[PDB]
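In the form deposited in one PDB entry, a lone chain appears below as structure tokens.
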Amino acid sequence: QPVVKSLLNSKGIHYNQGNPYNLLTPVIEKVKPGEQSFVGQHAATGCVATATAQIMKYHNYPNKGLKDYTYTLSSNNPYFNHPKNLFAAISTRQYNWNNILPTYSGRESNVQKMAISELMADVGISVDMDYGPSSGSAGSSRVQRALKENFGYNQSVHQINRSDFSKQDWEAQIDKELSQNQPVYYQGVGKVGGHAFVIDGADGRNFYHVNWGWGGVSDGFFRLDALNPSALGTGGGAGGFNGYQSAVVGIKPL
């Protein structure tokens, strides 16, 4: 395994799911029965959107969006009145990557905050985000489609599933991406839920650098069969995103 220092860290890229990343997600409309109110707050961007947006920032691509996207929220979503349709005019977008900064500390201009919030909202919509205080998407299968069809990334973009490869061949594909300076979209499920994140480095001893999309919290080196960030888990136990794993590789503009 080649040594590759964190690609996202090298470019200062650290996104999150709350403010100021979520200033253009849908505003929560309803209180879920038995839950405290999030009414009037913007929905989380979604880990799938945050992971994808960080990779998009790494490439500062696209210059221009290719195709709009529209979808309808599930009617069992308790945070919105139904039916609820969402729309992103991605075909009209000219993303200014000067204004979409690598990270946000709060002191940025409203133009800079709106720039990342627009990208976040576009990406979330393109992957049919189930918006809420937390926001969920199917992930990989929608991400690979969105990157090519809506945002114009190269046809090299595709999903790979962990179950389709030996451990060696799986990690070899991740290694190849990193060797070509291409961060990898990655997701998995376990006993602390499902999550999407970015693989962007390797330390030569079969650990990979992970950017979890929580603004930096828990970022570090992990084995791909022990993707277990300590930021999660109440009670003091173990848990990680080690099942139903998939990735989106070949992410590049040209």
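Shifts are known only where both forms have a C-alpha. Between two forms, the rigid core is the largest collection of C-alphas that superpose within 1.5 Å. Residues carry their position along the shown sequence, with the first being 1.
The form deposited in another entry is left out here; the points below concern that form.
Positional change of residue 18 between this form and the one not shown stays under 2 Å at the C-alpha, relative to the superposed core. Core-superposed comparison between this form and the one not shown: the CA of residue 233 exceeds or equals a 2 Å shift. Comparing the shared residues between this form and the one not shown on a common core, the single stretch of 3 or more consecutive C-alphas each displaced by at least 2 Å is 232-239.
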